[PDB]
Each structure stands twice: as structure tokens, then as C-alpha cells.
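Got an experimental structure here, sequence first:
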Amino acid sequence: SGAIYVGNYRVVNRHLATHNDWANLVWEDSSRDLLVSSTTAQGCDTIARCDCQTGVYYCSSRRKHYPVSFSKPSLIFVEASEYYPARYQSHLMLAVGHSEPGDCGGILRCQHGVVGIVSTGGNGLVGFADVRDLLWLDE
Ligand SMILES: Cn1cc2c(CC(=O)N3CCC[C@H](C(N)=O)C3)cccc2n1
Ligand SMILES: [Zn+2]
């Protein structure tokens, strides 16, 4: 579980989006596993505008925050699931670390702010969906 709240937007994993999320849809991308919905109230998360490759992510399966070294956003192969068949997810960042399916939503953050959210995992590699390119989240 977990979202990013910035201004009048709510950023979630598209595979965990609610009915209300789709009823107030701003933008979605299957290939990225992202969905943005509009909010009545105002969020106050700072989205990082950077090219960092180190951060700290929240892992609900361990109730801990872990420091990781992660790859630059790219097209990584992700195996089939009940939400998507076998495909190449884009804007994906991998790091060596623990993750479980319920961990999707946990924020990854650097000194500059929010980098992305947990999206994939398995084999001791946790995958984060990048959001630093979505400049429209701030205007
Ligand atoms: C965070 N996390 C998800 C895990 C899974 C499942 C997984 O990766 N996915 C299922 C949900 C949709 C995801 C996507 N974006 O396509 C793929 C299995 C083991 C460990 C995990 N750690
Ligand atoms: Zn940064």
C-alpha cells in the first residue's frame, strides 16, 4: 500500500488503483504501472528533480527504511502477474534489497525528495517506478 500526494494529485501503482482513482483520472500508463488521480485537498510531498542513484525506501513487510543503490530508469523485463502479462516495464529502477507484493506503494526518497514508489520485486531485487520526469506534478 501507498501513494504520493503532491498538490492536487495522487500518485499510485496502477495495479492497486481504486474505483475513485479511475473516476478522477488525470493520467495512467500500464507500461510504467502508474496512475494519477485528482484530489480535493492539497498534498505536500516534494518530488525530486535530480539524477540520484542512492536513496532510502520504506518496506512495510519489515516495518523498516533501507538505504539502497539503484539503477537509472529503464525498460526492465517483468514476469507475468494477475494484473499484467509478461512485459517490459519502462522507467524502472532496480536495487538489491528485500521486498514483498504488499510493499508496492512504499516511497523511495533521496536528499531532494520523492524519487518513485516500490512496484516490482523478486530474487532479492526491488524495483521502483520513477516519477522525477513527471514535471507537471508541480504546476
Ligand atoms: C514489490 N514487490 C512486488 C513483488 C512481486 C510481484 C510483482 O513484482 N508484481 C506483481 C504486481 C504488479 C507488478 C508490476 N508492476 O508489474 C509485478 C513478487 C515478489 C516480490 C515482490 N516485491
Ligand atoms: Zn536526488
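Looks like it came in fine. Numbers count the residues shown, from 1 in each chain. Ligands and ions are numbered 1, 2, ... in the order given.

Please enumerate the strands of the protein.
4-13, 25-29, 34-44, 54-59, 64-69, 74-78, 87-96, 107-110, 113-120, 125-130 (DSSP state E).

what's the first-to-last distance across stretch 99-115?
17 Å (CA to CA, to the nearest Å).

hmm, that stretch in reach of ligand 1?
Yes - counting by CB under 6 Å from any ligand atom, ligand 1 is contacted by stretch 99-115 at 99, 100, 101, 103, 104. (C-beta placed from N, C-alpha, C; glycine too.)

Buried ones among these?
99, 103, 104 (16 or more other CB atoms under 10 Å).

okay if I get those as JSON lines plus distance to ligand 2?
Formatted as JSON lines, those follow (distance: CB to the ion, whole Å):
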{"residue": "99", "distance to ligand 2": "21"}
{"residue": "103", "distance to ligand 2": "21"}
{"residue": "104", "distance to ligand 2": "22"}
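
Which single one of those residues is nearest to residue 7?
residue 104 (22.8 Å; CB to CB).

Verify the contact between that closest one and residue 119 for me.
Yes - the criterion here is CB atoms under 8 Å, and residue 104 meets it with residue 119 at 5.9 Å.
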